[PDB]
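First comes the structure, then the notes that go with it.
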Amino acid sequence: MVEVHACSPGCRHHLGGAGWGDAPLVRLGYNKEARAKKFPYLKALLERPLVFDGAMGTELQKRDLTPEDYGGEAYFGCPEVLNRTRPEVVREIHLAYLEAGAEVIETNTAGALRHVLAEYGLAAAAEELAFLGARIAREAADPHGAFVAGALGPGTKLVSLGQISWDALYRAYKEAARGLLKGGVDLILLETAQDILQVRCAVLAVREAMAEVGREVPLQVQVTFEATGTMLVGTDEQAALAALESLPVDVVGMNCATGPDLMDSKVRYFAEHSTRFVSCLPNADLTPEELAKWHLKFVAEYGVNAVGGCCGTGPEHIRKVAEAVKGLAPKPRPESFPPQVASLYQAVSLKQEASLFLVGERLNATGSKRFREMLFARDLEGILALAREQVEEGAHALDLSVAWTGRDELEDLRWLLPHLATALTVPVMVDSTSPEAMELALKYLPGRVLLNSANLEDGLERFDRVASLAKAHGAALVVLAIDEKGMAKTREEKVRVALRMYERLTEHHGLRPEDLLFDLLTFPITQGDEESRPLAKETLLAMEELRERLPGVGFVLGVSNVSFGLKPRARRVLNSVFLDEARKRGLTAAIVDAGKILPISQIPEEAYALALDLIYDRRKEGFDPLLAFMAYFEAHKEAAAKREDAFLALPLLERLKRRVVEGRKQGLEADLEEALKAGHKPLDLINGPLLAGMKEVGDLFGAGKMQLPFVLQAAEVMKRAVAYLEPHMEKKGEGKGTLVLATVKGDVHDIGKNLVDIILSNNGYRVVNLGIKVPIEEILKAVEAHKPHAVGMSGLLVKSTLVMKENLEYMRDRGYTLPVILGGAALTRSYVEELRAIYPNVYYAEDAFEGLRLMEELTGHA
Ligand code: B12
Ligand SMILES: N[C@@H](CCS)C(=O)O
Ligand SMILES: [K+]
Ligand SMILES: [Zn+2]
Ligand SMILES: [Zn+2]
């Protein structure tokens, strides 16, 4: 092995593993075959479904156990102290589960954690009671030749919410896992997880336990989804899986809180998308027979790898499940997972559909006077509004740098990060030259973070420290083309540094290409020195080359830099054109603000061609592009005022259209008022100038001539106009029936939907509008509560047409035959015709009027 000898003193491979051998993640993905060859539990998961045991706690509660059984009054009701004071009772329950057909039992150790046990005066006994728990299970399982799972639960204190420090929590999982490993468990099971940051904390602590003890075992991680649909601290299934896929874990799954019914969408999401094996352990009430049917569905139809029960399930539940699942062939797991990052709340794709991945930069002390002022003044409320402003303008993630000469970086992160952890809906790109700052940040930020910058500026060791940190915490990584020779300025230097960095991150450390965002630099081309004139072109040509040579990797640029030195209008224009040029060369992400760009649709053809000449350095004895480009803005200084007066001069109707296209909120309501006073009706304005404006924005976005922030600015105008016009809308009928209406899970588009709501409401239909990103469970809760004549689902993403199909499947499975009306721009009539195969009663609606006519037909025209 070359690689075993090629470590620096910066490498920390115990937690994340390296790029070779048995590490959980390597360049090629989840290291399934190697780990199946080393570990009998994973071999078994490949070969057959593994039946878990059922509840321990609810089994213990059925024994009439006295204070004496627990060692005294102090310890009464602590399950884990029974490992010392009534071992034979814990064992008997294992024996009942094995005799019922369980091939995997869990240790009575879920609450064998320092801070949980402190309740009973047992804080110092966590390792002991965990070790005795593993021994009890070993004693029962060894005659049966079964597996033992060392079970650790979430504890009583939520780390994302500040109720315990990462370090105290880390120490609690470590010592506990140590007990389990020394006791002979075959795998460690982190279960009933409520806090996605705890998952990261405990995974890394349990890994460290393995390294300390010299014994590695598979790691299985199960979250709990509450009846509301998320983990307790607010994490959905998508964000959960995104946060798990990049960690050193073998098996992902869920347990507790609900029965399999509510669990079904979440189990199907894991079964469908995870590269790891998948487990499912529902709570119960639920009969043995019912649970056996749900696990037959989950195994045979979805490909779930291990099945058992949680709280309320007994031996009898496991008996029926083992009979139901014996002899089913496992389905193969998916081999790739789309690159995604995550906040506490939501997953975000790194390959954004039809768009760059846009990273706001205003939370950067170096680049932002406002943020700096608010940081030093400890203005939390101001920083969160700034965060929100950026997300509102389309930021998929936020770059954060607090570093400032004169200040303690670590103090400022300790102040700010606890608040960002729970406030942000989007992920954080942690921006720092200090690995210590990075490591501190990774103790506070839930989900899958980004790290802004592995580079070779300060030696291989720092590079390896950052690389190691990213591998262990499952972070995406920005790779910056700077080495011992300095910043790479030419295409040749950029490719060479990128290739060296790539090979080290993939082959040595085991990061996937998909985790990497290569930053070839952005230098100013405005200063006007002959050195600086080709520096933009060099980045663009390097990026194209590295795109063909490195499939899978991403590219990110801080684009504003290109234009440093210029006047604001010139900057906005150069930044925008550079960004589009970079997109055409392979760019996947951009660190940029909305204010520092404008739509290409708004750039005169002459400014456009001059910006091209400057970027590509089209210099002649004829003409110097920098001077020509500067001179353009000198000679069109009045341009802002010709725009404003020409805008204000337009006819009323065309002016309404223009407000949409150009995002002009200011004076909107006055124009709409003017139109209502002249006798125009609300729906005329909506269907006419306003939606014509949205049609044009769509054409420009689809043609690459308008970026996401300006589509959001058009969207805001559109929704303000509809909200102003809605109260003036003429009603046209009386109680004709009821529609439950929703945009489906994953989708935030609602302009279509809300027009539907308004047209139907005013033609005399009760519309229960459930909003955006509505899961099928909440749709059907609404169906049950309101008993409507139909259900409406809106979908504008291609992805949403697949959610609609699955929604129809979910509805068929639970007996629904109510009419379903599907609509949205992504969805065709030919496609809804085909869904009739799943669900007879499904109808397509081209528009709100077609929706109206379908409600008319389906209620007898009421
Ligand atoms: C506005 C807009 C946005 C706004 C939406 C704001 C809001 N709605 O609150 C914002 C900026 C939020 C947005 C974001 C994104 N969007 Co967008 N967006 C658009 C845009 C420009 C206009 C959509 C619109 O409002 N149309 C106006 C309404 C009136 O039309 P409509 O919704 O079709 O509805 C009519 C019919 O379809 C029907 N209908 C619709 N629903 C229903 C339901 C029922 C029951 C009935 C009876 C009828 C019915 O009736 C309506 C009126 O007659 C479209 C352009 C397009 N569609 O080609 C892209 C578009 C839909 N978006 C797109 C994309 C990709 C995205 C993003 C992924 C961008 C990104 N960030 O990477 C995100 C995804 C966010 C998410 N969903 O999770 C794509 C989707 C295609 C795809 N491959 O997935 C489009 C097509 C652009 C493109 N690529 O060309 N988007
Ligand atoms: N393994 C635990 C789960 C706690 S919710 C038990 O069955 O009691
Ligand atoms: K169990
Ligand atoms: Zn190493
Ligand atoms: Zn439970």
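Every chain in the structure tokens has a letter given in the order shown (A, B, ...), and although residue numbers restart at 1 in each chain, ligands are simply numbered from 1 in the order shown.
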Just asking: which residues within stretch 467-517 of chain A are strand (DSSP E) according to DSSP, as a PDB file with N, CA and C atoms, in the first residue's frame?
ATOM      1  N   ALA A 476     -19.357  18.579   3.163  1.00  0.00           N
ATOM      2  CA  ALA A 476     -18.868  18.951   1.849  1.00  0.00           C
ATOM      3  C   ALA A 476     -17.688  19.928   2.037  1.00  0.00           C
ATOM      4  N   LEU A 477     -16.777  19.975   1.042  1.00  0.00           N
ATOM      5  CA  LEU A 477     -15.484  20.647   1.183  1.00  0.00           C
ATOM      6  C   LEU A 477     -15.125  21.524  -0.018  1.00  0.00           C
ATOM      7  N   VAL A 478     -14.829  22.804   0.260  1.00  0.00           N
ATOM      8  CA  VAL A 478     -14.307  23.690  -0.754  1.00  0.00           C
ATOM      9  C   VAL A 478     -12.800  23.456  -0.797  1.00  0.00           C
ATOM     10  N   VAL A 479     -12.287  23.286  -2.018  1.00  0.00           N
ATOM     11  CA  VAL A 479     -10.875  23.040  -2.313  1.00  0.00           C
ATOM     12  C   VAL A 479     -10.352  24.203  -3.151  1.00  0.00           C
ATOM     13  N   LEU A 480      -9.425  24.945  -2.571  1.00  0.00           N
ATOM     14  CA  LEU A 480      -9.001  26.244  -3.071  1.00  0.00           C
ATOM     15  C   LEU A 480      -7.616  26.058  -3.673  1.00  0.00           C
ATOM     16  N   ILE A 482      -4.531  26.908  -4.083  1.00  0.00           N
ATOM     17  CA  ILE A 482      -3.402  27.642  -3.534  1.00  0.00           C
ATOM     18  C   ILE A 482      -2.480  26.584  -2.935  1.00  0.00           C
ATOM     19  N   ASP A 483      -1.176  26.660  -3.225  1.00  0.00           N
ATOM     20  CA  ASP A 483      -0.206  25.698  -2.703  1.00  0.00           C
ATOM     21  C   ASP A 483       1.032  26.429  -2.179  1.00  0.00           C
ATOM     22  N   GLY A 486       2.129  29.253  -4.030  1.00  0.00           N
ATOM     23  CA  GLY A 486       1.270  30.424  -4.041  1.00  0.00           C
ATOM     24  C   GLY A 486      -0.102  30.155  -4.672  1.00  0.00           C
ATOM     25  N   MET A 487      -0.795  31.240  -5.031  1.00  0.00           N
ATOM     26  CA  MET A 487      -2.066  31.177  -5.736  1.00  0.00           C
ATOM     27  C   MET A 487      -1.913  30.714  -7.176  1.00  0.00           C
ATOM     28  N   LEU A 516     -16.804  17.574  -3.206  1.00  0.00           N
ATOM     29  CA  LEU A 516     -15.770  18.580  -3.405  1.00  0.00           C
ATOM     30  C   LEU A 516     -16.317  19.702  -4.275  1.00  0.00           C
ATOM     31  N   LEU A 517     -16.020  20.944  -3.891  1.00  0.00           N
ATOM     32  CA  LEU A 517     -16.298  22.121  -4.699  1.00  0.00           C
ATOM     33  C   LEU A 517     -14.968  22.810  -4.965  1.00  0.00           C
TER      34      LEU A 517
END
(message) When DSSP is applied to the backbone of this structure, which of stretch 656-850 of chain A are assigned alpha helix (DSSP H)? Write them out as number ranges by chain.
(response) A: 656-662, 668-677, 682-685, 691-702, 708-725, 751-762, 776-786, 798-813, 829-835, 848-850
(message) My list of candidates is A:505, A:126, A:600, A:354. Which is closest to ligand 1 when distances are computed with only C-alpha atoms and all ligand atoms?
(response)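 Looking only at the distances to ligand 1, the closest residue turns out to be A:354.
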Pull the closest atom pair for each residue of chain A that gets at most 9 Å from ligand 2, along with the distance in Å to one decimal, counting only C-alpha atoms and all ligand atoms, ordering rows by chain and then ascending residue number, as JSON lines.
{"residue": "A:53", "atom": "CA", "partner": "ligand 2", "partner_atom_place_in_ligand_line": "7 (O)", "distance": 8.1}
{"residue": "A:54", "atom": "CA", "partner": "ligand 2", "partner_atom_place_in_ligand_line": "7 (O)", "distance": 6.1}
{"residue": "A:55", "atom": "CA", "partner": "ligand 2", "partner_atom_place_in_ligand_line": "7 (O)", "distance": 3.4}
{"residue": "A:56", "atom": "CA", "partner": "ligand 2", "partner_atom_place_in_ligand_line": "7 (O)", "distance": 4.0}
{"residue": "A:57", "atom": "CA", "partner": "ligand 2", "partner_atom_place_in_ligand_line": "8 (O)", "distance": 3.7}
{"residue": "A:58", "atom": "CA", "partner": "ligand 2", "partner_atom_place_in_ligand_line": "8 (O)", "distance": 6.5}
{"residue": "A:59", "atom": "CA", "partner": "ligand 2", "partner_atom_place_in_ligand_line": "8 (O)", "distance": 8.0}
{"residue": "A:60", "atom": "CA", "partner": "ligand 2", "partner_atom_place_in_ligand_line": "8 (O)", "distance": 8.5}
{"residue": "A:79", "atom": "CA", "partner": "ligand 2", "partner_atom_place_in_ligand_line": "8 (O)", "distance": 8.3}
{"residue": "A:106", "atom": "CA", "partner": "ligand 2", "partner_atom_place_in_ligand_line": "1 (N)", "distance": 6.2}
{"residue": "A:107", "atom": "CA", "partner": "ligand 2", "partner_atom_place_in_ligand_line": "1 (N)", "distance": 7.3}
{"residue": "A:108", "atom": "CA", "partner": "ligand 2", "partner_atom_place_in_ligand_line": "1 (N)", "distance": 6.7}
{"residue": "A:109", "atom": "CA", "partner": "ligand 2", "partner_atom_place_in_ligand_line": "1 (N)", "distance": 7.4}
{"residue": "A:110", "atom": "CA", "partner": "ligand 2", "partner_atom_place_in_ligand_line": "1 (N)", "distance": 5.6}
{"residue": "A:111", "atom": "CA", "partner": "ligand 2", "partner_atom_place_in_ligand_line": "4 (C)", "distance": 8.0}
{"residue": "A:151", "atom": "CA", "partner": "ligand 2", "partner_atom_place_in_ligand_line": "1 (N)", "distance": 6.1}
{"residue": "A:152", "atom": "CA", "partner": "ligand 2", "partner_atom_place_in_ligand_line": "1 (N)", "distance": 7.7}
{"residue": "A:153", "atom": "CA", "partner": "ligand 2", "partner_atom_place_in_ligand_line": "4 (C)", "distance": 6.4}
{"residue": "A:154", "atom": "CA", "partner": "ligand 2", "partner_atom_place_in_ligand_line": "4 (C)", "distance": 9.0}
{"residue": "A:191", "atom": "CA", "partner": "ligand 2", "partner_atom_place_in_ligand_line": "3 (C)", "distance": 7.1}
{"residue": "A:192", "atom": "CA", "partner": "ligand 2", "partner_atom_place_in_ligand_line": "5 (S)", "distance": 5.8}
{"residue": "A:255", "atom": "CA", "partner": "ligand 2", "partner_atom_place_in_ligand_line": "5 (S)", "distance": 7.7}
{"residue": "A:256", "atom": "CA", "partner": "ligand 2", "partner_atom_place_in_ligand_line": "5 (S)", "distance": 6.0}
{"residue": "A:257", "atom": "CA", "partner": "ligand 2", "partner_atom_place_in_ligand_line": "5 (S)", "distance": 8.1}
{"residue": "A:283", "atom": "CA", "partner": "ligand 2", "partner_atom_place_in_ligand_line": "5 (S)", "distance": 8.6}
{"residue": "A:309", "atom": "CA", "partner": "ligand 2", "partner_atom_place_in_ligand_line": "7 (O)", "distance": 7.7}
{"residue": "A:310", "atom": "CA", "partner": "ligand 2", "partner_atom_place_in_ligand_line": "7 (O)", "distance": 5.1}
{"residue": "A:311", "atom": "CA", "partner": "ligand 2", "partner_atom_place_in_ligand_line": "7 (O)", "distance": 5.6}
{"residue": "A:312", "atom": "CA", "partner": "ligand 2", "partner_atom_place_in_ligand_line": "7 (O)", "distance": 8.5}
{"residue": "A:313", "atom": "CA", "partner": "ligand 2", "partner_atom_place_in_ligand_line": "7 (O)", "distance": 8.6}
(message) Taking only C-alpha atoms and all ligand atoms into account, which residues have an atom no farther than 10 Å from ligand 4? I'd like them as a ChimeraX atom specification.
(response) /A:3-13,17-19,461,464-465,467-468,504-505,508-510
Can you write out the residues you just picked, keeping N, CA and C atoms, as a PDB file, in the first residue's frame?
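The result, stored in again.pdb:
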ATOM      1  N   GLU A   3      -0.552   4.177   0.321  1.00  0.00           N
ATOM      2  CA  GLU A   3      -1.317   5.178   1.068  1.00  0.00           C
ATOM      3  C   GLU A   3      -1.081   5.083   2.586  1.00  0.00           C
ATOM      4  N   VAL A   4      -0.993   3.859   3.172  1.00  0.00           N
ATOM      5  CA  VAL A   4      -0.681   3.628   4.601  1.00  0.00           C
ATOM      6  C   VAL A   4       0.552   4.433   5.062  1.00  0.00           C
ATOM      7  N   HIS A   5       1.572   4.578   4.199  1.00  0.00           N
ATOM      8  CA  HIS A   5       2.800   5.307   4.503  1.00  0.00           C
ATOM      9  C   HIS A   5       2.726   6.805   4.164  1.00  0.00           C
ATOM     10  N   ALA A   6       1.653   7.281   3.489  1.00  0.00           N
ATOM     11  CA  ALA A   6       1.592   8.646   2.969  1.00  0.00           C
ATOM     12  C   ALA A   6       0.800   9.594   3.882  1.00  0.00           C
ATOM     13  N   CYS A   7       0.607   9.277   5.160  1.00  0.00           N
ATOM     14  CA  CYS A   7       0.042  10.236   6.098  1.00  0.00           C
ATOM     15  C   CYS A   7       0.991  11.385   6.465  1.00  0.00           C
ATOM     16  N   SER A   8       0.422  12.580   6.734  1.00  0.00           N
ATOM     17  CA  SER A   8       1.105  13.659   7.442  1.00  0.00           C
ATOM     18  C   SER A   8       0.716  13.607   8.912  1.00  0.00           C
ATOM     19  N   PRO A   9       1.395  14.338   9.839  1.00  0.00           N
ATOM     20  CA  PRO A   9       0.903  14.499  11.212  1.00  0.00           C
ATOM     21  C   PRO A   9      -0.458  15.201  11.355  1.00  0.00           C
ATOM     22  N   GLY A  10      -1.052  15.708  10.249  1.00  0.00           N
ATOM     23  CA  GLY A  10      -2.369  16.351  10.273  1.00  0.00           C
ATOM     24  C   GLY A  10      -3.563  15.379  10.179  1.00  0.00           C
ATOM     25  N   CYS A  11      -3.387  14.198   9.549  1.00  0.00           N
ATOM     26  CA  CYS A  11      -4.329  13.116   9.422  1.00  0.00           C
ATOM     27  C   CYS A  11      -4.831  12.621  10.776  1.00  0.00           C
ATOM     28  N   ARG A  12      -6.144  12.622  10.788  1.00  0.00           N
ATOM     29  CA  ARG A  12      -6.932  11.948  11.799  1.00  0.00           C
ATOM     30  C   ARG A  12      -7.955  11.067  11.089  1.00  0.00           C
ATOM     31  N   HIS A  13      -7.595   9.829  10.969  1.00  0.00           N
ATOM     32  CA  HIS A  13      -8.430   8.858  10.290  1.00  0.00           C
ATOM     33  C   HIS A  13      -9.207   7.931  11.224  1.00  0.00           C
ATOM     34  N   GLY A  17     -12.369   7.209   9.052  1.00  0.00           N
ATOM     35  CA  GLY A  17     -11.614   6.286   8.204  1.00  0.00           C
ATOM     36  C   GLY A  17     -10.839   7.036   7.112  1.00  0.00           C
ATOM     37  N   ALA A  18      -9.924   6.293   6.486  1.00  0.00           N
ATOM     38  CA  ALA A  18      -9.159   6.858   5.409  1.00  0.00           C
ATOM     39  C   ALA A  18      -9.773   6.422   4.051  1.00  0.00           C
ATOM     40  N   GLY A  19      -8.976   6.452   2.967  1.00  0.00           N
ATOM     41  CA  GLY A  19      -9.461   6.119   1.641  1.00  0.00           C
ATOM     42  C   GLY A  19      -9.280   4.668   1.234  1.00  0.00           C
ATOM     43  N   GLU A 461      -0.036  19.423   6.370  1.00  0.00           N
ATOM     44  CA  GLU A 461      -0.669  19.004   7.619  1.00  0.00           C
ATOM     45  C   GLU A 461      -2.013  19.682   7.842  1.00  0.00           C
ATOM     46  N   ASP A 464      -4.574  18.206   5.480  1.00  0.00           N
ATOM     47  CA  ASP A 464      -4.948  16.888   5.990  1.00  0.00           C
ATOM     48  C   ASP A 464      -5.852  16.990   7.229  1.00  0.00           C
ATOM     49  N   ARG A 465      -5.652  18.053   8.044  1.00  0.00           N
ATOM     50  CA  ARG A 465      -6.475  18.290   9.221  1.00  0.00           C
ATOM     51  C   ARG A 465      -7.880  18.699   8.758  1.00  0.00           C
ATOM     52  N   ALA A 467      -9.160  18.143   5.715  1.00  0.00           N
ATOM     53  CA  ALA A 467      -9.673  16.979   4.989  1.00  0.00           C
ATOM     54  C   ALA A 467     -10.222  15.905   5.949  1.00  0.00           C
ATOM     55  N   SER A 468      -9.484  15.656   7.042  1.00  0.00           N
ATOM     56  CA  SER A 468      -9.854  14.678   8.048  1.00  0.00           C
ATOM     57  C   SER A 468     -11.141  15.064   8.770  1.00  0.00           C
ATOM     58  N   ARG A 504      -5.355  13.485  -3.324  1.00  0.00           N
ATOM     59  CA  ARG A 504      -5.185  13.393  -1.874  1.00  0.00           C
ATOM     60  C   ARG A 504      -6.532  13.265  -1.143  1.00  0.00           C
ATOM     61  N   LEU A 505      -7.550  14.033  -1.577  1.00  0.00           N
ATOM     62  CA  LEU A 505      -8.836  14.006  -0.908  1.00  0.00           C
ATOM     63  C   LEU A 505      -9.604  12.700  -1.188  1.00  0.00           C
ATOM     64  N   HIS A 508      -6.470   9.233  -0.655  1.00  0.00           N
ATOM     65  CA  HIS A 508      -5.892   9.119   0.671  1.00  0.00           C
ATOM     66  C   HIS A 508      -6.953   9.240   1.777  1.00  0.00           C
ATOM     67  N   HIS A 509      -7.859  10.212   1.668  1.00  0.00           N
ATOM     68  CA  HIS A 509      -8.804  10.504   2.732  1.00  0.00           C
ATOM     69  C   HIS A 509     -10.165   9.801   2.561  1.00  0.00           C
ATOM     70  N   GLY A 510     -10.526   9.425   1.323  1.00  0.00           N
ATOM     71  CA  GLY A 510     -11.765   8.722   1.058  1.00  0.00           C
ATOM     72  C   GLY A 510     -12.974   9.638   0.826  1.00  0.00           C
TER      73      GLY A 510
END
(message) List as an NGL selection string the protein and nucleic acid residues near residue A:452, meaning an atom at most 12 Å away when only C-alpha atoms are counted, but skip any in the same chain fewer than 5 places from it.
(response) :A and (359 or 361 or 398-401 or 428-435 or 437-438 or 441 or 463 or 466-467 or 470 or 475-480 or 516-519 or 556-558 or 591)
(request) Determine, counting only C-alpha atoms, which protein, DNA and RNA residues have an atom within 8 Å of an atom of residue A:169; residues of the same chain fewer than 2 positions away are not included. Present the result as a VMD selection string. (result) chain A and resid 159 164 to 167 171 to 173 198 201 to 202
Could you write out the selected residues, including N, CA and C atoms, as a PDB file, in the first residue's frame?
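Result written to out00.pdb:
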ATOM      1  N   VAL A 159     -28.981  18.688  22.158  1.00  0.00           N
ATOM      2  CA  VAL A 159     -27.737  19.395  21.931  1.00  0.00           C
ATOM      3  C   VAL A 159     -27.963  20.565  20.963  1.00  0.00           C
ATOM      4  N   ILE A 164     -27.267  20.693  26.495  1.00  0.00           N
ATOM      5  CA  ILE A 164     -26.003  20.078  26.869  1.00  0.00           C
ATOM      6  C   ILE A 164     -24.955  20.432  25.794  1.00  0.00           C
ATOM      7  N   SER A 165     -23.692  20.498  26.214  1.00  0.00           N
ATOM      8  CA  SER A 165     -22.558  20.769  25.380  1.00  0.00           C
ATOM      9  C   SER A 165     -22.231  19.481  24.615  1.00  0.00           C
ATOM     10  N   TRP A 166     -21.796  19.675  23.374  1.00  0.00           N
ATOM     11  CA  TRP A 166     -21.232  18.642  22.518  1.00  0.00           C
ATOM     12  C   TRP A 166     -20.232  17.768  23.269  1.00  0.00           C
ATOM     13  N   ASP A 167     -19.376  18.362  24.095  1.00  0.00           N
ATOM     14  CA  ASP A 167     -18.320  17.631  24.790  1.00  0.00           C
ATOM     15  C   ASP A 167     -18.891  16.725  25.883  1.00  0.00           C
ATOM     16  N   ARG A 171     -18.576  12.625  25.496  1.00  0.00           N
ATOM     17  CA  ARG A 171     -18.022  11.805  26.572  1.00  0.00           C
ATOM     18  C   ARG A 171     -19.001  10.718  27.066  1.00  0.00           C
ATOM     19  N   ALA A 172     -20.296  11.066  27.044  1.00  0.00           N
ATOM     20  CA  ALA A 172     -21.294  10.112  27.536  1.00  0.00           C
ATOM     21  C   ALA A 172     -21.455   8.936  26.557  1.00  0.00           C
ATOM     22  N   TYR A 173     -21.450   9.196  25.239  1.00  0.00           N
ATOM     23  CA  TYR A 173     -21.560   8.104  24.284  1.00  0.00           C
ATOM     24  C   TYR A 173     -20.274   7.297  24.255  1.00  0.00           C
ATOM     25  N   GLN A 198     -26.986  15.499  17.610  1.00  0.00           N
ATOM     26  CA  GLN A 198     -26.651  14.405  18.515  1.00  0.00           C
ATOM     27  C   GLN A 198     -26.193  13.192  17.698  1.00  0.00           C
ATOM     28  N   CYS A 201     -22.684  13.745  16.827  1.00  0.00           N
ATOM     29  CA  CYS A 201     -21.911  13.679  18.060  1.00  0.00           C
ATOM     30  C   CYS A 201     -21.669  12.237  18.502  1.00  0.00           C
ATOM     31  N   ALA A 202     -22.747  11.442  18.564  1.00  0.00           N
ATOM     32  CA  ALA A 202     -22.710  10.060  19.049  1.00  0.00           C
ATOM     33  C   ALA A 202     -22.001   9.125  18.064  1.00  0.00           C
TER      34      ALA A 202
END
(request) Would you list the contacts of residue A:592 as a list in words, taking every protein, DNA or RNA residue within 8 Å and counting only C-alpha atoms, but skipping same-chain residues closer than 2 positions in sequence? (result) residues 358, 359, 360, 361, 558, 559, 560, 590, 594 and 596 of chain A
Next, dump the selected residues to file, keeping only N, CA and C atoms, as an mmCIF file, in the first residue's frame.
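Result written to result.cif:
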data_model
loop_
_atom_site.group_PDB
_atom_site.id
_atom_site.type_symbol
_atom_site.label_atom_id
_atom_site.label_comp_id
_atom_site.auth_asym_id
_atom_site.auth_seq_id
_atom_site.Cartn_x
_atom_site.Cartn_y
_atom_site.Cartn_z
ATOM 1 N N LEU A 358 -26.341 28.811 -4.989
ATOM 2 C CA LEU A 358 -26.038 30.184 -4.640
ATOM 3 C C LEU A 358 -25.807 30.322 -3.145
ATOM 4 N N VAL A 359 -24.638 30.822 -2.822
ATOM 5 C CA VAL A 359 -24.165 30.905 -1.456
ATOM 6 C C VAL A 359 -24.048 32.391 -1.153
ATOM 7 N N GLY A 360 -24.976 32.887 -0.332
ATOM 8 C CA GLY A 360 -24.855 34.214 0.247
ATOM 9 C C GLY A 360 -23.567 34.462 1.034
ATOM 10 N N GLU A 361 -23.062 35.691 0.936
ATOM 11 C CA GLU A 361 -21.771 36.037 1.533
ATOM 12 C C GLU A 361 -21.917 37.223 2.488
ATOM 13 N N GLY A 558 -16.160 32.808 -5.929
ATOM 14 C CA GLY A 558 -16.552 34.123 -5.432
ATOM 15 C C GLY A 558 -16.463 35.172 -6.508
ATOM 16 N N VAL A 559 -17.586 35.404 -7.174
ATOM 17 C CA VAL A 559 -17.547 36.013 -8.502
ATOM 18 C C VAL A 559 -17.347 37.534 -8.487
ATOM 19 N N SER A 560 -17.868 38.241 -7.465
ATOM 20 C CA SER A 560 -17.777 39.692 -7.259
ATOM 21 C C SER A 560 -16.331 40.168 -7.426
ATOM 22 N N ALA A 590 -21.906 29.369 -6.586
ATOM 23 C CA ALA A 590 -21.340 30.711 -6.656
ATOM 24 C C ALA A 590 -21.572 31.366 -5.312
ATOM 25 N N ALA A 594 -27.245 39.019 -4.357
ATOM 26 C CA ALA A 594 -28.174 39.480 -5.374
ATOM 27 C C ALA A 594 -27.869 40.921 -5.842
ATOM 28 N N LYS A 596 -25.113 42.333 -6.189
ATOM 29 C CA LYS A 596 -23.868 42.514 -6.939
ATOM 30 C C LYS A 596 -24.035 41.938 -8.346
#
(request) Write as a PyMOL selection string the residues around ligand 1, taking 6 Å as the cut-off and counting only C-alpha atoms and all ligand atoms. (result) chain A and resi 352-355+694+697-698+702+708+711-712+715+746-753+755-756+792-794+796-798+821-825+845-848+851
(message) Need to verify the contact set: residue A:738, 12 Å, only C-alpha atoms, exclusion of same-chain residues closer than 3 positions in sequence. Can you return it as a PyMOL selection string?
(response) chain A and resi 734-735+741+757+760-761+763-769+782-783+785-792+818-819+852+855-856+858-859+862
Would you mind exporting C-alpha atoms of the selected residues as a short mmCIF file (atom, residue, chain, number, x, y, z; two decimals), in the first residue's frame?
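Below you can see part-v6.cif, which holds the result:
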data_model
loop_
_atom_site.label_atom_id
_atom_site.label_comp_id
_atom_site.auth_asym_id
_atom_site.auth_seq_id
_atom_site.Cartn_x
_atom_site.Cartn_y
_atom_site.Cartn_z
CA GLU A 734 -73.11 29.56 -2.98
CA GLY A 735 -71.93 26.34 -1.13
CA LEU A 741 -55.80 21.71 -2.01
CA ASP A 757 -58.08 28.56 -4.52
CA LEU A 760 -63.04 28.15 -7.05
CA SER A 761 -63.71 30.00 -3.79
CA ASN A 763 -67.51 30.19 -7.91
CA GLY A 764 -68.90 28.94 -4.61
CA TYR A 765 -66.56 26.14 -3.40
CA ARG A 766 -65.04 25.72 0.06
CA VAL A 767 -61.23 25.56 -0.49
CA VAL A 768 -59.04 24.18 2.31
CA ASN A 769 -55.60 25.26 1.17
CA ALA A 782 -57.44 17.06 5.89
CA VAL A 783 -59.49 14.71 3.68
CA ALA A 785 -61.47 16.12 8.76
CA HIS A 786 -63.32 17.93 5.94
CA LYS A 787 -64.63 14.98 3.87
CA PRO A 788 -64.29 16.99 0.58
CA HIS A 789 -65.61 16.10 -2.90
CA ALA A 790 -62.03 16.03 -4.23
CA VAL A 791 -58.36 16.53 -3.51
CA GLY A 792 -56.19 18.94 -5.47
CA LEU A 818 -62.24 10.19 -4.01
CA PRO A 819 -61.53 12.20 -7.23
CA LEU A 852 -63.58 24.80 -11.90
CA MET A 855 -65.56 20.54 -9.60
CA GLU A 856 -68.78 21.43 -11.54
CA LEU A 858 -67.97 16.00 -10.04
CA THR A 859 -70.66 17.65 -7.84
CA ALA A 862 -74.30 21.84 -7.66
#
